[PDB]
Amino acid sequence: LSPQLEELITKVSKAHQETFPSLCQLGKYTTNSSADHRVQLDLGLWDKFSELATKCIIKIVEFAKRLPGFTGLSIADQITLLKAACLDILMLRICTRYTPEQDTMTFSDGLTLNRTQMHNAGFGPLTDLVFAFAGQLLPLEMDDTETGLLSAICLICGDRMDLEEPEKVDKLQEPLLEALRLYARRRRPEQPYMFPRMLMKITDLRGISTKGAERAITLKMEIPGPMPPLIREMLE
């Protein structure tokens, strides 16, 4: 045991909780927009969804800047990491707020959309794969600390193309991996496969995000103007 590792766990947990409202703390609310049938795109829903996405991108940057050592990387490397991982983290975030009984996902302001509305907001042919990912995330029963640490591990990764100092990024990731294993095993000692299961979710997350990037291309043709600039920074 080391005090430094325990401090890292709590720092990351706090950074996550303070940039990602929990489903339980949110005042959920609904919309009646295009709620029953799948359409190509409901522009009202796209407007609301894309605005929320911009806000969450800013929150993910805020989260990143609170991760120990992140701001010690070159600005170029910080941007490179954020561009590489933002969509992964957005996916993890929305899927964490999945309510299976109601077949809904809840955004950071409490906006709660059913599957059809998620489709109509822009997810389109990606919707059911996203819900399937959320469904397969559930049994892991991850808590906020674990979700925070996993998000940090997804972001701080030395394999990203065009990194100036990949070995430096590698070194920053090391304690995050150690922290997640220590925490996961302590919390649920009778479920020792939880750590490796969590790590394998990273690969699943990358897979769904690649599909997300593909969806963005087709979505660009359906929208009446360009996507919001921070969304373009994430995708383009």
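One-based numbering along the sequence shown.
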Of 87-95 and 136-144, the stretch with the higher mean C-alpha B-factor in the deposited entry is 136-144
Looking only at C-alpha temperature factors in the entry, 76-84 or 155-163, the higher average sits in 155-163
The largest CA temperature factor among 55, 181, 168, 188 is found at 168
The third of the chain into which the C-alpha temperature factor of residue 197 falls is the lowest
Residue 59: CA B-factor among chain residues, third -> lowest
Binned into thirds over the chain's modelled residues, the C-alpha B-factor of residue 102 lands in the highest
Entry-reported C-alpha B-factor of residue 112 relative to its chain, by third, is lowest
Sorting the chain's modelled residues by C-alpha B-factor and splitting them into thirds places residue 26 in the highest
